[PDB]
Each structure stands twice: as C-alpha cells, then as structure tokens.
>>> print(open('coords_38.txt').read())   # compact mmCIF, C-alpha atoms
# COMPACT_ATOMS: atom_id res chain seq x y z
CA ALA Y 1 -9.31 -20.04 3.97
CA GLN Y 2 -9.00 -18.21 0.64
CA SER Y 3 -6.34 -18.88 -2.00
CA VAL Y 4 -3.29 -16.59 -1.78
CA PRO Y 5 0.33 -16.86 -2.94
CA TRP Y 6 3.38 -16.98 -0.65
CA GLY Y 7 3.14 -13.15 -0.71
CA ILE Y 8 0.07 -12.98 1.56
CA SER Y 9 0.92 -16.30 3.27
CA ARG Y 10 3.80 -14.51 5.04
CA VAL Y 11 1.73 -11.42 5.95
CA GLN Y 12 -0.35 -13.29 8.55
CA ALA Y 13 -3.43 -11.99 6.69
CA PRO Y 14 -5.57 -15.17 6.97
CA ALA Y 15 -5.17 -15.67 10.70
CA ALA Y 16 -6.60 -12.12 10.86
CA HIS Y 17 -9.58 -12.91 8.63
CA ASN Y 18 -10.23 -15.91 10.91
CA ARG Y 19 -9.92 -14.01 14.22
CA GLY Y 20 -12.93 -11.84 13.30
CA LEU Y 21 -11.16 -8.62 12.26
CA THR Y 22 -12.37 -7.25 8.90
CA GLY Y 23 -10.62 -3.89 8.67
CA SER Y 24 -14.19 -2.72 7.95
CA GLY Y 25 -14.60 0.96 8.87
CA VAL Y 26 -11.13 2.02 7.67
CA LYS Y 27 -10.29 4.10 4.58
CA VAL Y 28 -7.28 3.80 2.25
CA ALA Y 29 -6.52 5.74 -0.96
CA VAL Y 30 -4.87 4.10 -3.98
CA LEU Y 31 -2.83 6.64 -5.96
CA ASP Y 32 -2.69 4.79 -9.30
CA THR Y 33 -4.23 5.06 -12.78
CA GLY Y 34 -6.97 2.39 -12.91
CA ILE Y 35 -8.33 -0.12 -10.41
CA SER Y 36 -10.07 -2.19 -13.13
CA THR Y 37 -13.84 -2.65 -12.70
CA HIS Y 38 -14.25 -6.01 -10.93
CA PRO Y 39 -16.70 -7.81 -8.62
CA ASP Y 40 -13.83 -8.34 -6.14
CA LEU Y 41 -12.98 -4.65 -5.69
CA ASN Y 42 -15.69 -2.39 -4.25
CA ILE Y 43 -14.94 1.20 -5.32
CA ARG Y 44 -16.03 3.35 -2.35
CA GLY Y 45 -14.30 6.56 -3.54
CA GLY Y 46 -12.14 7.79 -6.45
CA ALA Y 47 -10.99 11.07 -8.05
CA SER Y 48 -8.96 11.57 -11.26
CA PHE Y 49 -6.87 14.77 -11.38
CA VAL Y 50 -3.96 14.06 -13.74
CA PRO Y 51 -4.85 14.78 -17.38
CA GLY Y 52 -5.46 11.96 -19.87
CA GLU Y 53 -8.83 10.60 -18.72
CA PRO Y 54 -9.20 6.93 -19.68
CA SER Y 55 -11.65 5.75 -17.01
CA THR Y 56 -11.95 5.98 -13.22
CA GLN Y 57 -12.03 2.18 -13.43
CA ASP Y 58 -9.33 0.32 -15.40
CA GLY Y 59 -6.81 1.89 -17.81
CA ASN Y 60 -3.57 -0.01 -17.12
CA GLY Y 61 -3.51 -3.00 -14.73
CA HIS Y 62 -1.05 -2.44 -11.86
CA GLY Y 63 -3.50 -0.15 -10.02
CA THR Y 64 -6.08 -2.96 -9.81
CA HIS Y 65 -3.38 -5.28 -8.44
CA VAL Y 66 -2.54 -2.85 -5.63
CA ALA Y 67 -6.30 -2.68 -4.98
CA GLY Y 68 -6.66 -6.39 -4.12
CA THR Y 69 -3.28 -6.13 -2.39
CA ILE Y 70 -4.92 -3.65 0.00
CA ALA Y 71 -8.30 -5.37 0.51
CA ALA Y 72 -9.27 -7.90 -2.22
CA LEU Y 73 -12.83 -8.81 -1.16
CA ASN Y 74 -13.04 -12.14 0.73
CA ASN Y 75 -15.80 -13.84 -1.30
CA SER Y 76 -13.67 -16.97 -1.73
CA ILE Y 77 -13.56 -16.42 -5.51
CA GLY Y 78 -10.35 -14.75 -6.73
CA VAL Y 79 -7.34 -13.92 -4.53
CA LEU Y 80 -7.61 -12.49 -0.99
CA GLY Y 81 -5.81 -9.31 0.14
CA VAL Y 82 -5.22 -8.47 3.82
CA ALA Y 83 -8.47 -6.50 4.14
CA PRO Y 84 -11.91 -7.85 3.19
CA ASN Y 85 -14.00 -4.73 2.56
CA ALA Y 86 -12.85 -1.41 4.04
CA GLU Y 87 -13.24 1.79 1.99
CA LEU Y 88 -10.90 1.11 -0.95
CA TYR Y 89 -10.67 4.42 -2.84
CA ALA Y 90 -9.06 5.15 -6.20
CA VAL Y 91 -7.07 8.38 -6.51
CA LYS Y 92 -5.87 8.29 -10.11
CA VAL Y 93 -2.85 10.50 -9.40
CA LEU Y 94 -0.65 9.04 -12.13
CA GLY Y 95 -1.51 8.43 -15.78
CA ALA Y 96 -1.33 5.04 -17.52
CA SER Y 97 1.53 6.70 -19.44
CA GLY Y 98 4.04 6.06 -16.63
CA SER Y 99 4.11 9.06 -14.25
CA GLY Y 100 1.74 12.06 -14.12
CA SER Y 101 3.28 15.52 -13.59
CA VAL Y 102 4.34 16.83 -10.19
CA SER Y 103 1.05 18.70 -10.40
CA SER Y 104 -0.62 15.28 -10.29
CA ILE Y 105 1.34 13.70 -7.43
CA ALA Y 106 0.91 16.99 -5.55
CA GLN Y 107 -2.82 17.39 -6.25
CA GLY Y 108 -3.17 13.73 -5.23
CA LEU Y 109 -1.31 14.15 -1.93
CA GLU Y 110 -3.29 17.35 -1.28
CA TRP Y 111 -6.73 16.03 -2.23
CA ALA Y 112 -6.09 13.46 0.46
CA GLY Y 113 -5.19 16.27 2.85
CA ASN Y 114 -8.97 16.78 3.05
CA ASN Y 115 -10.57 13.59 1.70
CA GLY Y 116 -7.39 11.53 2.03
CA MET Y 117 -9.00 9.27 4.61
CA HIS Y 118 -6.70 7.96 7.34
CA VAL Y 119 -4.34 6.02 4.99
CA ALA Y 120 -2.96 6.48 1.45
CA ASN Y 121 -0.46 4.45 -0.57
CA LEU Y 122 1.90 5.76 -3.27
CA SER Y 123 3.39 3.07 -5.53
CA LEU Y 124 5.54 5.59 -7.42
CA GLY Y 125 8.95 7.27 -7.30
CA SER Y 126 10.16 9.98 -9.71
CA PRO Y 127 13.78 11.14 -9.89
CA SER Y 128 12.41 14.68 -10.27
CA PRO Y 129 12.01 16.39 -6.88
CA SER Y 130 9.68 19.38 -6.46
CA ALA Y 131 8.58 21.71 -3.67
CA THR Y 132 5.12 21.39 -5.21
CA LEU Y 133 5.22 17.83 -3.90
CA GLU Y 134 6.37 19.04 -0.51
CA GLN Y 135 3.44 21.44 -0.41
CA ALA Y 136 1.24 18.38 -0.97
CA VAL Y 137 2.72 16.35 1.87
CA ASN Y 138 2.41 19.54 3.85
CA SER Y 139 -1.32 19.28 3.25
CA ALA Y 140 -1.17 15.58 4.18
CA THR Y 141 0.41 15.94 7.63
CA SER Y 142 -1.68 19.03 8.32
CA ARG Y 143 -4.65 16.63 8.40
CA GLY Y 144 -2.86 13.40 9.32
CA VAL Y 145 -2.74 10.94 6.40
CA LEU Y 146 -0.56 7.83 6.86
CA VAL Y 147 1.26 7.32 3.54
CA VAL Y 148 3.28 4.18 2.71
CA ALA Y 149 5.14 4.87 -0.59
CA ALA Y 150 6.87 1.86 -2.24
CA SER Y 151 10.63 1.41 -2.78
CA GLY Y 152 11.54 1.13 -6.48
CA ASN Y 153 13.14 -1.63 -8.51
CA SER Y 154 16.93 -1.07 -8.35
CA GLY Y 155 18.12 2.48 -9.12
CA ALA Y 156 21.05 4.21 -7.39
CA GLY Y 157 21.61 3.88 -3.63
CA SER Y 158 18.31 5.63 -2.82
CA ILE Y 159 14.56 4.91 -2.69
CA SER Y 160 11.53 6.42 -4.46
CA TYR Y 161 10.39 10.03 -4.20
CA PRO Y 162 8.95 11.08 -2.01
CA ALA Y 163 9.07 7.63 -0.35
CA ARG Y 164 12.40 8.52 1.20
CA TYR Y 165 10.92 11.70 2.73
CA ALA Y 166 7.58 13.53 2.84
CA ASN Y 167 6.56 11.83 6.07
CA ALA Y 168 5.81 8.92 3.72
CA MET Y 169 7.02 5.44 4.65
CA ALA Y 170 8.92 3.52 1.98
CA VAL Y 171 8.45 -0.24 1.56
CA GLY Y 172 10.89 -2.70 0.00
CA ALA Y 173 10.76 -6.21 -1.50
CA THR Y 174 12.30 -9.37 0.01
CA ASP Y 175 13.55 -12.79 -1.14
CA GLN Y 176 12.80 -16.34 0.11
CA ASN Y 177 11.80 -15.12 3.60
CA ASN Y 178 13.37 -11.77 4.58
CA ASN Y 179 16.77 -11.49 2.85
CA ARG Y 180 17.03 -8.58 0.39
CA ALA Y 181 15.27 -9.37 -2.90
CA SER Y 182 17.21 -9.11 -6.18
CA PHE Y 183 15.65 -6.02 -7.81
CA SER Y 184 14.55 -4.20 -4.64
CA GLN Y 185 16.00 -0.69 -4.21
CA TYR Y 186 17.58 0.61 -0.99
CA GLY Y 187 18.60 3.92 0.61
CA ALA Y 188 19.12 5.66 3.96
CA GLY Y 189 15.44 5.78 4.99
CA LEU Y 190 13.79 2.38 4.39
CA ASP Y 191 10.64 1.77 6.45
CA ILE Y 192 9.63 -1.87 5.90
CA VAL Y 193 9.72 -4.70 3.33
CA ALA Y 194 7.85 -7.82 2.20
CA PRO Y 195 7.83 -10.63 -0.36
CA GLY Y 196 7.53 -9.10 -3.85
CA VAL Y 197 8.83 -11.85 -6.16
CA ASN Y 198 5.50 -13.18 -7.46
CA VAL Y 199 2.00 -12.15 -6.47
CA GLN Y 200 -1.18 -13.38 -8.10
CA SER Y 201 -4.14 -10.99 -7.81
CA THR Y 202 -7.18 -9.76 -9.77
CA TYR Y 203 -7.20 -8.38 -13.33
CA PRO Y 204 -9.64 -6.64 -15.70
CA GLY Y 205 -11.73 -8.66 -18.16
CA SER Y 206 -12.81 -10.99 -15.32
CA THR Y 207 -9.32 -12.53 -15.16
CA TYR Y 208 -6.46 -12.71 -12.63
CA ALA Y 209 -2.68 -12.47 -13.20
CA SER Y 210 0.62 -12.92 -11.32
CA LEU Y 211 3.48 -10.39 -11.26
CA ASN Y 212 6.61 -9.66 -9.19
CA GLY Y 213 7.81 -6.30 -7.81
CA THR Y 214 8.05 -4.19 -4.65
CA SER Y 215 5.06 -2.10 -5.78
CA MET Y 216 2.71 -5.05 -5.14
CA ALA Y 217 4.25 -5.84 -1.76
CA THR Y 218 4.03 -2.13 -0.77
CA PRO Y 219 0.21 -2.04 -0.51
CA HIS Y 220 0.48 -5.30 1.46
CA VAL Y 221 1.87 -3.33 4.40
CA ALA Y 222 -0.56 -0.49 3.64
CA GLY Y 223 -3.41 -2.98 4.20
CA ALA Y 224 -1.97 -4.53 7.37
CA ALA Y 225 -1.94 -1.04 8.89
CA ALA Y 226 -5.58 -0.68 7.75
CA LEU Y 227 -6.53 -3.64 9.97
CA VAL Y 228 -4.80 -1.94 12.93
CA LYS Y 229 -6.66 1.37 12.58
CA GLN Y 230 -9.79 -0.79 12.42
CA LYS Y 231 -9.26 -2.32 15.86
CA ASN Y 232 -8.81 1.32 16.87
CA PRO Y 233 -11.01 3.74 14.90
CA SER Y 234 -10.24 6.46 17.46
CA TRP Y 235 -6.44 6.26 17.13
CA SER Y 236 -4.48 8.44 14.70
CA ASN Y 237 -1.79 7.79 12.08
CA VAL Y 238 0.69 8.35 14.93
CA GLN Y 239 -0.61 5.99 17.59
CA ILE Y 240 -0.91 3.53 14.69
CA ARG Y 241 2.77 3.88 13.72
CA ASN Y 242 3.49 2.73 17.29
CA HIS Y 243 1.51 -0.54 17.29
CA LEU Y 244 2.63 -1.32 13.71
CA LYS Y 245 6.24 -0.48 14.66
CA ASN Y 246 6.55 -2.84 17.65
CA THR Y 247 4.28 -5.39 15.92
CA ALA Y 248 6.05 -5.57 12.58
CA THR Y 249 8.95 -8.06 12.62
CA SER Y 250 12.37 -6.43 13.15
CA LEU Y 251 15.34 -7.96 11.30
CA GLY Y 252 17.65 -5.53 13.12
CA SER Y 253 20.77 -4.20 11.35
CA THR Y 254 21.68 -0.51 11.68
CA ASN Y 255 19.16 0.76 9.09
CA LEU Y 256 19.05 -1.52 6.02
CA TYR Y 257 16.35 -3.78 7.47
CA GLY Y 258 15.17 -2.38 10.84
CA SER Y 259 11.57 -3.68 10.85
CA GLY Y 260 10.99 -5.32 7.47
CA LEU Y 261 8.47 -8.18 7.81
CA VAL Y 262 4.82 -7.61 8.74
CA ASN Y 263 2.28 -9.87 10.44
CA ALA Y 264 -1.25 -8.97 11.42
CA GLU Y 265 -1.11 -11.74 14.05
CA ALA Y 266 1.06 -9.57 16.33
CA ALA Y 267 -0.96 -6.49 15.31
CA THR Y 268 -4.31 -8.12 16.15
CA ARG Y 269 -3.79 -11.19 18.37
>>> encode(input="coords_38.txt", output="structure tokens")
Amino acid sequence: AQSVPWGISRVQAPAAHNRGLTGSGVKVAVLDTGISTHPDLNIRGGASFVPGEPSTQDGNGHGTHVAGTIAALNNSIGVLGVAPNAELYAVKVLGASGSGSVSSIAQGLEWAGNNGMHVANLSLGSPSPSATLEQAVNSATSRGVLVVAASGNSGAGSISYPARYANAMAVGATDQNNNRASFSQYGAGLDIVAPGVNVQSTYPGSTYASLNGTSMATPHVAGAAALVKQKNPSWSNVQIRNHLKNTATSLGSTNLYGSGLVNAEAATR
C-alpha cells in the first residue's frame, strides 16, 4: 500500500495495515532528543527533562526517524511505519549532544513509571552504569512499562545499557534476511533483531532521508508490539511478551538469535 524500504517490508507491517488493525488506542514513548515537527508524526505527548532545551520538536534528526519507525502516519505521503496513529509521545531523555546524564535516562525511565504509557523505547546505551538508572527501571516495572532498548553498533561482547538488563529488551540489527548484520553488537542477553542496513523515513524541513543502524530497526519491534497491545487493550506488558514471543520468528541457536525476526502477520492474523 504505502512506500517502505526492505526494512518494513520484512516486518509484515503492511499486511497488518490491510487487515484492519491500526494500533490506534496504544501509547509508546520515544526517549530521544527531537522528533522533528512534521505532518506525518502526530505528537500526542512529550516531556523534556535533560538540560539543554532546543525544542520539544526537532533538534537532531534520529529521534524523528525512530518516530516514523514506531508509527509513521499512513497518509500515503512519506514512508509508513508499523503503526498508523497510536499515541506517539516524545520523551526527550537524551540531549542532541550525544547522551544526557544518568539523571536524564533515569528521570526519563521514571517519568514513564507514571505517564510512561504501556510501551517505551530506548535507542541508547552508555558504558557508564548507575544505580540511579536502576531506580528508574524500578519505577518502570512498579507500574508496568514495556521497554525495548536497542543493541548498539559494535562495541565489546555486550549490548547497550541498560538494554542488557533493567527489564528492558534489547534489539539487534540483521543482514540480507536474518544473518547477523556487520555492525550490530551482541552479548549474553539479546532479545530480538531486524533489518537495520538502510531505512528511509521522515526528516525535518519537510524532507525524508535514509540511514542504516540497529537504532532504527529497534523501534520497528517496539511498534509491532504496539499493534499487539492494540488487539488487546486489557492485556499487560507481560501477557504481551507472551504473544510477541511465540509470534516473533525464532532463528533458534542457544542465545545469539533466539527469536530475532518479527512479523505482525503472526501477531495479528
């Protein structure tokens, strides 16, 4: 129906938009630093905690990409994410600089503890651990907030932080179909993966742009889950992990892959 790159073509996201599902009624946070003001992204919520206040809308570029990767509106113009509308929020938790303080990632994982809706993505990973961050995830599970942190981009035999832990799932990138990408990171705690070697999406200034990375493919799984919760607005982040677990493809292996490809066709059907 819409025009999407091989990235969304393998996430069975169209077949879902054709079945009748719209993920409408769900809520997902986007911990980034700018979702770019665009007619394809409907800002339903947003809060900037980290210092350096550029603008609740736009300030870098990646953030906006993750936005359409979670629910780029389906108006036919521009790309098409997995979700059409849904409540796409904007939790500027990081600064356009490159990585807010732990007081930012913590205040962002705690502000979602209350208004963190049912889902929340974290396309970040600092090598600096902190119990302040654990106190934030503590506020996230205390209320039940499904988090799907990304992987990284090649760095030691481990994944992002928290990603690895914090009750946050960690996503990874893939190659041609499912093989391990070339710059995707790995570790003993990978949750899922997807195609992250080229992904055209929206951009500020009324323009679109293509980029490659596991950060873009991370919110692709975050959106798929959104559609699930939609079909079941009474379920919880737990019951959801079930459907998404047995629905998401399952390469196999002992832990490297173990569920790595996603498809809303088996999650909606």
>>> atom_distance(input="coords_38.txt", atom1="atom CA of residue Y:75", atom2="atom CA of residue Y:204")
17.2 Å
>>> residues_around(input="coords_38.txt", residues="stretch 87-99 of chain Y", least_positions_apart="2", cutoff="8 Å", atoms="all atoms listed in the file", output="VMD selection string")
chain Y and resid 24 to 35 41 to 52 56 59 to 60 67 70 to 71 85 101 104 to 105 107 to 108 124 126
>>> residues_around(input="coords_38.txt", residues="residue Y:64", least_positions_apart="2", cutoff="7 Å", atoms="only C-alpha atoms", output="NGL selection string")
:Y and (34-36 or 61-62 or 66-68 or 202-203)
>>> residues_around(input="coords_38.txt", residues="stretch 244-254 of chain Y", least_positions_apart="3", cutoff="10 Å", atoms="all atoms listed in the file", output="PyMOL selection string")
chain Y and resi 11+178-179+191-193+221+224-225+228-229+238-241+257-268
>>> closest_residue(input="coords_38.txt", among="Y:139, Y:218, Y:167, Y:255", to="residue Y:186", atoms="all atoms listed in the file")
Y:255
>>> closest_residue(input="coords_38.txt", among="Y:157, Y:144, Y:152, Y:20", to="residue Y:231", atoms="all atoms listed in the file")
Y:20
>>> closest_residue(input="coords_38.txt", among="Y:161, Y:183, Y:208, Y:6", to="residue Y:123", atoms="only C-alpha atoms")
Y:161
>>> axis_aligned_box(input="coords_38.txt", around="stretch 163-179 of chain Y", padding_each_side="8 Å", output="AutoDock Vina command-line options")
--center_x 11.3 --center_y -1.4 --center_z 2.3 --size_x 27.0 --size_y 45.9 --size_z 23.6
>>> atom_distance(input="coords_38.txt", atom1="atom CA of residue Y:13", atom2="atom CA of residue Y:125")
26.8 Å
>>> residues_around(input="coords_38.txt", residues="residue Y:217", least_positions_apart="4", cutoff="7 Å", atoms="only C-alpha atoms", output="list in words")
residues 173, 194, 195 and 196 of chain Y
>>> write_last_selection(input="coords_38.txt", atoms="C-alpha atoms", output="PDB file, in the frame of the given file")
ATOM      1  CA  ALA Y 173      10.760  -6.210  -1.500  1.00  0.00           C
ATOM      2  CA  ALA Y 194       7.850  -7.820   2.200  1.00  0.00           C
ATOM      3  CA  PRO Y 195       7.830 -10.630  -0.360  1.00  0.00           C
ATOM      4  CA  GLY Y 196       7.530  -9.100  -3.850  1.00  0.00           C
TER       5      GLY Y 196
END
>>> atom_distance(input="coords_38.txt", atom1="atom CA of residue Y:205", atom2="atom CA of residue Y:65")
13.3 Å
>>> closest_residue(input="coords_38.txt", among="Y:169, Y:146, Y:216, Y:1", to="residue Y:112", atoms="only C-alpha atoms")
Y:146
>>> residues_around(input="coords_38.txt", residues="residue Y:22", least_positions_apart="4", cutoff="8 Å", atoms="all atoms listed in the file", output="VMD selection string")
chain Y and resid 16 to 17 83 to 86 227 230
>>> closest_residue(input="coords_38.txt", among="Y:131, Y:256, Y:80, Y:23", to="residue Y:226", atoms="only C-alpha atoms")
Y:23
>>> closest_residue(input="coords_38.txt", among="Y:128, Y:214, Y:135, Y:121", to="residue Y:149", atoms="all atoms listed in the file")
Y:121
>>> build_atoms(input="coords_38.txt", residues="stretch 77-96 of chain Y", atoms="N, CA and C atoms", output="PDB file, in the frame of the given file")
ATOM      1  N   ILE Y  77     -13.931 -16.387  -4.074  1.00  0.00           N
ATOM      2  CA  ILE Y  77     -13.560 -16.420  -5.510  1.00  0.00           C
ATOM      3  C   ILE Y  77     -12.477 -15.372  -5.762  1.00  0.00           C
ATOM      4  N   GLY Y  78     -11.437 -15.729  -6.460  1.00  0.00           N
ATOM      5  CA  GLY Y  78     -10.350 -14.750  -6.730  1.00  0.00           C
ATOM      6  C   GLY Y  78      -9.336 -14.788  -5.583  1.00  0.00           C
ATOM      7  N   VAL Y  79      -8.357 -13.927  -5.609  1.00  0.00           N
ATOM      8  CA  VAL Y  79      -7.340 -13.920  -4.530  1.00  0.00           C
ATOM      9  C   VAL Y  79      -7.917 -13.282  -3.265  1.00  0.00           C
ATOM     10  N   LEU Y  80      -7.108 -13.104  -2.259  1.00  0.00           N
ATOM     11  CA  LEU Y  80      -7.610 -12.490  -0.990  1.00  0.00           C
ATOM     12  C   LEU Y  80      -6.538 -11.551  -0.432  1.00  0.00           C
ATOM     13  N   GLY Y  81      -6.812 -10.274  -0.405  1.00  0.00           N
ATOM     14  CA  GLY Y  81      -5.810  -9.310   0.140  1.00  0.00           C
ATOM     15  C   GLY Y  81      -5.821  -9.390   1.666  1.00  0.00           C
ATOM     16  N   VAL Y  82      -5.228  -8.436   2.331  1.00  0.00           N
ATOM     17  CA  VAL Y  82      -5.220  -8.470   3.820  1.00  0.00           C
ATOM     18  C   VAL Y  82      -6.553  -7.957   4.357  1.00  0.00           C
ATOM     19  N   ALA Y  83      -7.161  -7.034   3.669  1.00  0.00           N
ATOM     20  CA  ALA Y  83      -8.470  -6.500   4.140  1.00  0.00           C
ATOM     21  C   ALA Y  83      -9.592  -7.086   3.272  1.00  0.00           C
ATOM     22  N   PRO Y  84     -10.740  -7.271   3.873  1.00  0.00           N
ATOM     23  CA  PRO Y  84     -11.910  -7.850   3.190  1.00  0.00           C
ATOM     24  C   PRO Y  84     -12.682  -6.762   2.454  1.00  0.00           C
ATOM     25  N   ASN Y  85     -13.203  -5.830   3.191  1.00  0.00           N
ATOM     26  CA  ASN Y  85     -14.000  -4.730   2.560  1.00  0.00           C
ATOM     27  C   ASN Y  85     -13.278  -3.395   2.733  1.00  0.00           C
ATOM     28  N   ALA Y  86     -13.514  -2.720   3.823  1.00  0.00           N
ATOM     29  CA  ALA Y  86     -12.850  -1.410   4.040  1.00  0.00           C
ATOM     30  C   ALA Y  86     -13.238  -0.447   2.914  1.00  0.00           C
ATOM     31  N   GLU Y  87     -12.893   0.804   3.046  1.00  0.00           N
ATOM     32  CA  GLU Y  87     -13.240   1.790   1.990  1.00  0.00           C
ATOM     33  C   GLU Y  87     -12.069   1.912   1.010  1.00  0.00           C
ATOM     34  N   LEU Y  88     -12.014   1.050   0.034  1.00  0.00           N
ATOM     35  CA  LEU Y  88     -10.900   1.110  -0.950  1.00  0.00           C
ATOM     36  C   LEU Y  88     -11.193   2.218  -1.965  1.00  0.00           C
ATOM     37  N   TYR Y  89     -10.447   3.283  -1.907  1.00  0.00           N
ATOM     38  CA  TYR Y  89     -10.670   4.420  -2.840  1.00  0.00           C
ATOM     39  C   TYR Y  89      -9.811   4.251  -4.089  1.00  0.00           C
ATOM     40  N   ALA Y  90      -9.874   5.211  -4.962  1.00  0.00           N
ATOM     41  CA  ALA Y  90      -9.060   5.150  -6.200  1.00  0.00           C
ATOM     42  C   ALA Y  90      -8.672   6.575  -6.591  1.00  0.00           C
ATOM     43  N   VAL Y  91      -7.503   6.999  -6.207  1.00  0.00           N
ATOM     44  CA  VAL Y  91      -7.070   8.380  -6.510  1.00  0.00           C
ATOM     45  C   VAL Y  91      -6.149   8.376  -7.717  1.00  0.00           C
ATOM     46  N   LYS Y  92      -6.710   8.282  -8.881  1.00  0.00           N
ATOM     47  CA  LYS Y  92      -5.870   8.290 -10.110  1.00  0.00           C
ATOM     48  C   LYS Y  92      -4.949   9.506 -10.058  1.00  0.00           C
ATOM     49  N   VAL Y  93      -3.789   9.352  -9.491  1.00  0.00           N
ATOM     50  CA  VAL Y  93      -2.850  10.500  -9.400  1.00  0.00           C
ATOM     51  C   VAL Y  93      -1.829  10.397 -10.518  1.00  0.00           C
ATOM     52  N   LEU Y  94      -1.617   9.213 -11.016  1.00  0.00           N
ATOM     53  CA  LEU Y  94      -0.650   9.040 -12.130  1.00  0.00           C
ATOM     54  C   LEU Y  94      -1.417   8.656 -13.387  1.00  0.00           C
ATOM     55  N   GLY Y  95      -0.808   8.790 -14.524  1.00  0.00           N
ATOM     56  CA  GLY Y  95      -1.510   8.430 -15.780  1.00  0.00           C
ATOM     57  C   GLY Y  95      -0.987   7.084 -16.281  1.00  0.00           C
ATOM     58  N   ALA Y  96      -1.789   6.356 -17.004  1.00  0.00           N
ATOM     59  CA  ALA Y  96      -1.330   5.040 -17.520  1.00  0.00           C
ATOM     60  C   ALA Y  96      -0.020   5.234 -18.291  1.00  0.00           C
TER      61      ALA Y  96
END
